[PDB]
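Results of the structural survey
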Amino acid sequence: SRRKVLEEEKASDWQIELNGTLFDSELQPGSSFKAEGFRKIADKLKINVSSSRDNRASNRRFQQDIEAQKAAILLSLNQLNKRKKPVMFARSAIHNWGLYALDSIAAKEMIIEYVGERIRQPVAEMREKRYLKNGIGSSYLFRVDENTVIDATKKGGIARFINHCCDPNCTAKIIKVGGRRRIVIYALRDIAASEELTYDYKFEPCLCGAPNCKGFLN
Amino acid sequence: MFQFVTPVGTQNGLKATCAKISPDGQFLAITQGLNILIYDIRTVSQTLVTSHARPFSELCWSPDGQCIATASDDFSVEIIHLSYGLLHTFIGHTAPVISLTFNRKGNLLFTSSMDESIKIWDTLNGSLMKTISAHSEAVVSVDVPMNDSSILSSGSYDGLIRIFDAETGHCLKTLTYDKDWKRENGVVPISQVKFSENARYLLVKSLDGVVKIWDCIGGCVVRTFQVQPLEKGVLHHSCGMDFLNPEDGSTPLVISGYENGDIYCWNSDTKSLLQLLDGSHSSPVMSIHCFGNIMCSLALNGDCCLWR
Amino acid sequence: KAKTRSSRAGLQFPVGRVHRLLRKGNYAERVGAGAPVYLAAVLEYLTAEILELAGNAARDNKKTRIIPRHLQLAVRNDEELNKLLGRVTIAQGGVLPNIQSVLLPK
Amino acid sequence: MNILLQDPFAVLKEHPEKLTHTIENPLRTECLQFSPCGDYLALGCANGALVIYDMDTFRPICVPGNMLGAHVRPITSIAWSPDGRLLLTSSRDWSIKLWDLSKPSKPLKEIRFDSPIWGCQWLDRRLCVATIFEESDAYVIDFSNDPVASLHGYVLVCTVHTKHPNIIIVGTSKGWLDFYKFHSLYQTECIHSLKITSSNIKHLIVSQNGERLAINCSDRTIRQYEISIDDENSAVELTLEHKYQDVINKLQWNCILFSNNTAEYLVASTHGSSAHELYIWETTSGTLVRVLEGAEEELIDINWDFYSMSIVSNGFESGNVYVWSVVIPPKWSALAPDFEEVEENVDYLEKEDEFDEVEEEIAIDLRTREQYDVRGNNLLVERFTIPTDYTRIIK
Amino acid sequence: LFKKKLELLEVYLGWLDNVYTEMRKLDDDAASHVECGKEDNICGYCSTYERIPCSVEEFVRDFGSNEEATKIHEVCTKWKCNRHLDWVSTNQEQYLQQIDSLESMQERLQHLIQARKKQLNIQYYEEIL
Amino acid sequence: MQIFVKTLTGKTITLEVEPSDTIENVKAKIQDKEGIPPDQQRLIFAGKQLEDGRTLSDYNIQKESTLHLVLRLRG
Ligand SMILES: C[S@@+](CC[C@H](N)C(=O)[O-])C[C@H]1O[C@@H](n2cnc3c(N)ncnc32)[C@H](O)[C@@H]1O
Ligand SMILES: [Zn+2]
């Protein structure tokens, strides 16, 4: 029975010291997972491609391939704002989801268009009311002009994954292409890689997280 | 109907978490706090000592019956060779890891944590491969199919049943809504998920005793099994469920063990209940693991049994 | 029926014209039959690559007419189109906004 | 599966478009060969080292011959077995070594010759066909007990027909195609011969359905024919379909390859200096459609995998192995059951209702499997798994 | 069970290693006969170490101008021919890395015995209790 | 009844068809609405390519279904 005590003390002490060394965290509490443990605590203690020339050349080649195919036909045109930077969506701090730049981008450059379904104002009011009804409570509406709004709650681009921040690094302008107004997002100041794309909502609580910041999105 | 054989399990000691048959229908790997019992089938037992610092939640065999992985709340996961001792220590998580599984080839291992994420580890080189953070809740179960090895389902304590890929780890389809896209009090945590034998339909159990079969191509439920009284449907632990495709079986069966020592059998095609077992009533059945025509059941105690 | 030589290659720039210019510009005694095609392809590639940036500039400036200032911007803002045109001066192109850092107030 | 769920726009591209990974081999690579399915990559290194990488990790999984019997000098051919178990290789060490991948420590069988080897090819049974350096006849080695038998300049490349495994094709060092009928065990009479060029044939590839054939001459051209066989393996003819070449700088070709079944695409690797790219033509019309532009060095060998749909090619100066694969981007549209993403502002039409507020028994088969995927690759084929060796893991 | 498992280690140490070292050592005299005949030009080819025959009476004169291509003790080469690589040069290297692989698994497999024993000591520590 | 045909380019067309129509009739309908010859297209539904000879009802297609139209593009 010597083995019991000997290997017990040796392995136990070594393993707890190894865990202590591997534990750069605060040694949070927790039992096993056969105990019905939900631990639904509010605050979590754990964490939380080539060039532009290649892209434009490939895009023009694809578009001229379409135009060469067009001799058989309309139903094939493309959203002209294809000059968009590479981004991605992942878990964020300011909110659950967010948009991170995949490559370092300069300043005063187009990033992405905010696209969705076009609706009038009363339709937008009805829709936001119904969304507040079903517990959505997360407005994705955008104001093109006085009598037209974009709605990206169910249909739209990844531009619906850009959070409001008290200090933005991207702004939103309203271009008119083909005679119609569209919402583009420009890089206000230079943006490094793997940086979250901040942007000011101007809505007229705030999980801002900025150094200088105000407690309201409004 | 399925007859009983023998309750060989050792009901003495700490509580056991699960017991998964070997992929050749020959061994039974049972767990106790910081140790592994191995029962032959033959009537004999062997023991393996681990290198954890806490009791571990789940263990699963290897498709060649030569290794055993274990998921300990010390935030690490240990793969131990059944004959040459411990082999690899995956130490990248930052939260108690819950479930584990690897693919048909034993080429990559899948780990679910409380970090609100999943991790794809490389078994042979012991290094990490990928990380999939697609939950704001407790990721309690991951499972790759056996005939396929390209997709993996993921269930959490918020109802989100996601499907990802083993090759690149992107989100392919989500069959349910989280708190933000449904009435908040409509949520129901997912306990245990399981693929069909052909990876075309998804078996799932929630924390209200319901057992659903989703058509993952259409994303719609097609079959729902339930106990018409709601006594133990409402549950609190990972009350085991599993599938039983009998050798030359007409239609495979679904098996579940509620917070009693009860075990049910439903014909998936007809939903008509066929048989139930109890105790053979003493404690919540913590796990069930089936095989070609056999089944091992383990209650919250050391209570262990098998059938045929 | 006839079939323009610049349409058999998917080009817009003229190939018969480029071929006549190569022939009657006294560059060599003989001109290969595929040299004008290659040269016209390269010419239209370069002009499209600069017109695209010029249009991007004229759009990001809320106009809808490419204008010499937009070509100057499209060139001097690039990095390789700037070496190809390092010696030229684009009439009515102005200059690029730039102020040194020793001069900006503190 | 993982493809049925994917959208059939970015998954049904016709060929790779970008390079993703670049394996680095410590030795210099000389031959590439996927497993019958896109599972393993059997590389033959510079000094007879033979590794088997796995496509899920890109890191080695088994080095055959670690105990003994390994190869010592540049390897020249690696042929898998249709199941996945056996693996034939041949090097410049004159030896042909067949390995049972269930015991990869030592070679299962091996034979030795009197000259370096160009290539070995499988037939089932167990019998390979080999082409020896400088010789003018192929060799049939039906080595279940190690016997060897024999069967216009020389013979460089051999290949067996896909639909009719009795037919055999061979190219000469003087421009002759010669066909053979394996109507027996070790006695084979020709059925057709001809001479299409005045230079050496260097490659003989054939589509999976015997409805096409390609040839790489020492002349800087590629001759593509539409072969057909009939008459109890006697009727055989060739019809010139196309000739490909480099119109700008007349470069030479290093290796060629087809698509999967109908061979709607032809992939070739150029050989001259300043040549770093792969060409991809059609075969019906023959017009250039793509140029793979990833590497920075002369590319020797090519291999296509239709399950994962990836092109693999080994560099010459360095020795690396570049991979061009189809890339599918992550769609946020999946994050919910009804999240349909658009590209342009869609208009909205509304019914008069919207302003005014206010058993199942479907067929279910769980034990039946699916035979073909979206692309059209045959599942359910036996996919033998290389057994992991634990001895080299403890250290 | 285990003595069967890693007594092949002793097999792998002794038997195949002595056979392969003897086959490697034969190439010394098989090279020496051709070397002494060649030094008295044509590249002495391979194919003469099989049983290491070198079937010859007087190699300095049996190679003599009368017959050039080794009618007896037949080497592949007739002259300075690049047909073969004349593997007689550096042939040992094959066997050399052969026995190098021998020794490599030897050291590895000895380490494996120690690991098995490290586990089985704890085995009888658990079986005593 | 209406079915949908989603083109890669971002366009979805809402064809009107009957379940008793053949797929050949569907390709003809896509042509006569959009002018694309039936030979140059390629229709996909639920991961399976719709086979040239069979019928719409063979695939259990009902109204307001969506399906993908990819082009067998060429030079
Ligand atoms: C464009 S959506 C942002 C996307 C969101 N993270 C998601 O997961 O879909 C904007 C909405 O997210 C929430 N949100 C965004 N930024 C926020 C912030 N800084 N503080 C609080 N809520 C925020 C609000 O409900 C707001 O109406
Ligand atoms: Zn704020």
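Residues numbered from 1 in each chain as written, not as in the entry; some residues may be left out. Chains lettered and ligands numbered in written order. Part of a larger assembly, values for the part shown. Heavy atoms only, no water. Residues with missing side-chain atoms left out of burial classes, pairs and counts.

Section: the overall build of chain D
Per the secondary structure count, chain D includes zero helices and 29 strands. The principal-axis extent of the C-alpha atoms belonging to chain D is close to 90 × 55 × 50 Å. (Helix = DSSP H or I, 4+ residues; strand = E, 2+ residues; numbered from the N terminus.)

Notes on the packing of aromatic side chains
Between two aromatic rings, the relevant description is the distance of the centres plus the angle of the planes. Summed over the entire model, instances satisfying the criterion amount to 26 aromatic pairs over all chains. Where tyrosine 199 of chain A meets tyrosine 201 of chain A, the ring centres are 5.5 Å apart and the plane angle is 50°; that geometry is what we call tilted. In this structure, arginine 160 of chain A is placed above the aromatic ring of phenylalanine 339 of chain D, and the distance from its NZ or CZ to the ring centre is 5.1 Å. Lying across the ring of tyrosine 258 of chain B, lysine 205 of chain B places its NZ or CZ 4.9 Å from the centre. (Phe/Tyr/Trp six-rings, centres within 6.5 Å; stacked < 30°, edge-to-face > 60°. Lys NZ or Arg CZ within 6 Å of the ring centre and 35° of its normal.)

Looking at the sheet that holds strand β20 (residues 220–225) of chain B
All names here are of chain B. Taking strand neighbours across the sheet as the criterion, the four strands line up as β17-β18-β19-β20 in an open arrangement whose pairing is antiparallel. Two strands in the sheet have a free side with no partner beyond their single neighbour: β17 (190–195) and β20. The sheet shows a mean angle of 25° between the axes of neighbouring strands, direction not considered. Sheet topology note: the strand β18 (residues 201–206)/strand β19 (residues 211–215) ladder contains five bridges and is antiparallel. By the bridge assignment for β19, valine 204 is matched with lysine 212. (Pairing = 2+ DSSP bridges. Axes fitted to C-alpha atoms, helices over the stretch in contact; angles between N-to-C directions.)

A word on the interface of chain A and chain C
On the side of chain C, 14 residues touch chain A, which itself brings nine residues to the contact. A buried area of about 1,100 Å², summed over both sides, lies between chain A and chain C, and 40% of it is on carbon and sulfur atoms. Three residues, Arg53, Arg56 and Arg83 of chain A, lead the burial of chain A against chain C; their summed loss comes to 51% of the area buried on that side. Summed over the shared surface of chain A and chain C, the result is seven salt bridges. Remark: the boundary between chain A and chain C carries seven residue pairs in polar contact. If one sorts the elements of the side of chain A that touches chain C by residue count, helix α2 (residues 52–69) of chain A sits on top with four residues. (Contact = heavy atoms within 4.5 Å. Buried area = accessible area lost by both parts, 1.4 Å probe. Salt bridge = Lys/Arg side-chain N within 4 Å of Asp/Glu carboxyl O. Polar contact = N/O pair within 3.5 Å; in protein donor to acceptor, adjacent residues only side chain to side chain.)

As for unusual backbone geometry
Residues and elements named next belong to chain B. One non-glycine residue, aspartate 248, lies in the positive phi region at around 50°. By the element assignment, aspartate 248 lies in the loop between β21 (241–244) and β22 (253–256). The exposed category is assigned to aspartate 248, whose relative accessible area is 76%. (Buried < 20%, exposed > 50% of the residue type's maximum accessible area, 1.4 Å probe, protein only.)

Some thoughts on the coordination of the zinc ion (ligand 2)
All names here are of chain A. Every protein donor of the zinc ion (ligand 2) is listed here as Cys166 (SG), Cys206 (SG), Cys208 (SG) and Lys214 (O), and their distances to the metal cover 2.2 to 2.3 Å. Its four donor atoms give the zinc ion (ligand 2) angles of 93 to 119° at the centre, a pattern that matches the tetrahedral case. A relative accessible area of 65% means that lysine 214 is categorised as exposed. (Donors = N, O, S within 2.8 Å, 3.2 Å for Na, K, Ca; no water. Tetrahedral: all angles 85-135°; square planar, octahedral: opposite > 155°, others 65-115°.)

What about the interface of chain B and chain D?
Facing 50 residues of chain B, the contacting portion of chain D comprises 41 residues. Considering only the surface of chain B that becomes buried against chain D, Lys105, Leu124 and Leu172 of chain B emerge as the three largest contributors, covering 16% of it. For the pair chain B and chain D, the number of links is four salt bridges. Counting across the chain B and chain D interface gives 17 residue pairs in polar contact. Contributions of two or more residues to the side of chain B that touches chain D are made by β8 (85–90), β15 (161–165), β16 (171–174) and β20 of chain B. At four residues, β16 of chain B tops the list of elements feeding residues into the side of chain B that touches chain D. When the residues that make up the side of chain B that touches chain D are grouped by side-chain class, the tally is 19 nonpolar, 15 polar and 16 charged. (Nonpolar A, V, L, I, M, F, W, Y, C, P; charged D, E, K, R; others polar.)

Side note on the site of ligand 1
Residues and elements named next belong to chain A. Residues in close proximity to ligand 1 total 14 residues, the closest being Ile94, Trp97, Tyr140, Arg160 and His164. Here an oxygen atom of ligand 1 sits 3.4 Å away from a polar atom, N or O, in the side chain of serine 138. Separating an oxygen atom of ligand 1 from a backbone N or O atom of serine 139 is a distance of 3.2 Å. Across the complex, the protein chains shield 90% of the 580 Å² of accessible surface that ligand 1 would expose by itself. A breakdown of the residues in the shell around ligand 1 according to their chemical character gives seven nonpolar, six polar and one charged. (Near = heavy atom within 4 Å. Areas by Shrake-Rupley, 256 points an atom, 1.4 Å probe, with all protein chains shown as cover.)

Digging into the packing of α2 of chain A against helix α2 (residues 35–60) of chain C
Contact pair α2 of chain A / α2 of chain C: the axes reach a minimum separation of 12 Å and the direction vectors enclose 110°. Relative to α2 of chain C, the element α2 of chain A is oriented roughly perpendicular. Judged by residue contacts, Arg53, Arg56 and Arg60 of chain A of α2 of chain A engage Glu44, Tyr45, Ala48, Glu49, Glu52 and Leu53 of chain C from α2 of chain C. (Parallel < 35°, antiparallel > 145°, perpendicular 65-115°, else oblique.)

Side note on the UniProt feature "binding site: DNA" in chain D
Residues and elements named next belong to chain D. The UniProt record marks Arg220 and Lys250 with the feature "binding site: DNA", using the residue numbering of this structure. The largest pairwise C-alpha distance within this set of annotated residues, which runs over 31 residues, is 6.5 Å, so the set is compact in three dimensions. The residue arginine 220 is located in the loop between β18 (213–217) and β19 (222–225) in this model. Once you skip the residues sitting within four places of it in the chain, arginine 220 turns out to touch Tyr244, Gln245, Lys250, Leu251, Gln252 and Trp253. At a separation of 3.4 Å, a polar atom in the side chain of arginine 220 contacts the main-chain carbonyl oxygen of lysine 250. Secondary-structure assignment places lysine 250 in the loop between β22 (240–244) and β23 (253–258). (UniProt positions renumbered as here; feature names shortened; annotations may be inferred.)

Considerations on the UniProt feature "repeat: WD" in chain D
Residue and element names in this part refer to chain D. UniProt's entry tags residues 24–63, 70–109, 196–235, 248–291 and 294–334 with the feature "repeat: WD", counted in the numbering of this structure. Secondary structure content for residues 24–63 is 0% helix and 32% strand, while the C-alpha to C-alpha distance between its ends is 16 Å. Between the C-alpha atoms that bound residues 70–109 there is a distance of 12 Å. The span itself is 0% helix and 48% strand.

Digging into the packing of helix α1 (residues 2–39) of chain E against helix α3 (residues 91–128) of chain E
All names here are of chain E. As a packed pair, α1 and α3 sit with axes 10 Å apart at the nearest point and diverge in direction by 165°. The pairing of α1 with α3 is recorded here as roughly antiparallel in orientation. Crossing angle aside, the handedness with which α1 passes α3 is left-handed. In terms of residue class, the contact of α1 with α3 is made up of 14 nonpolar, six polar and six charged. (Left-handed = near helix turned anticlockwise from the far one by under 90°.)

Regarding the side chain of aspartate 73 of chain B
For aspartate 73 of chain B, the position within the fold is in the loop between β6 (67–72) and β7 (77–81). If near-sequence neighbours (up to four positions away) are discounted, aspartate 73 of chain B is found in contact with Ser31, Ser32 and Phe33 of chain A together with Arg54, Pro55, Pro96 and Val97 of chain B.

Thoughts on the side chain of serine 154 of chain B
Locating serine 154 of chain B in the fold gives a position in strand β14 (residues 151–156). Beyond its immediate stretch of four places on either side in the chain, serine 154 of chain B contacts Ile118, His135, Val139, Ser141, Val142, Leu160, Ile161, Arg162 and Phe164 of chain B.

Some points on the environment of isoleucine 23 of chain D
Residues and elements named next belong to chain D. Within the secondary structure, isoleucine 23 is located in strand β1 (residues 18–23). With 50 residues separating them in the primary sequence, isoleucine 23 and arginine 73 have C-alpha atoms 21 Å apart. The residues contacting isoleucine 23, other than those within four sequence positions of it, are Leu41, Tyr53, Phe58, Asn320 and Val321.

Considering a positive patch on the surface
Residues and elements named next belong to chain C. Taken together, the side chains of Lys3, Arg5, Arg8 and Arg23 make up a positively charged region of the molecular surface. Relative to the helices and strands, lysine 3 resides in the segment before α1 (15–24). Accessibility expressed as a relative area gives 52% for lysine 3, which makes it exposed. (Patch = residues over 30% accessible without salt bridge, like charges linked within 9 Å, V, L, I, M, F, W, Y side chains within 5 Å. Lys, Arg positive; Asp, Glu negative; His and termini not counted. Charge placed at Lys NZ, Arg CZ, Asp CG, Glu CD.)

Considering a nonpolar patch on the surface
Taken together, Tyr38, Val42, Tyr45, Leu46 and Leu84 of chain C together with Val247 and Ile248 of chain D make up a surface patch of nonpolar side chains, about 710 Å² in accessible area. By residue number, the principal contributor to the nonpolar patch is α2 of chain C, which donates four residues. Counting through the fold element by element, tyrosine 38 of chain C comes out in helix α2.

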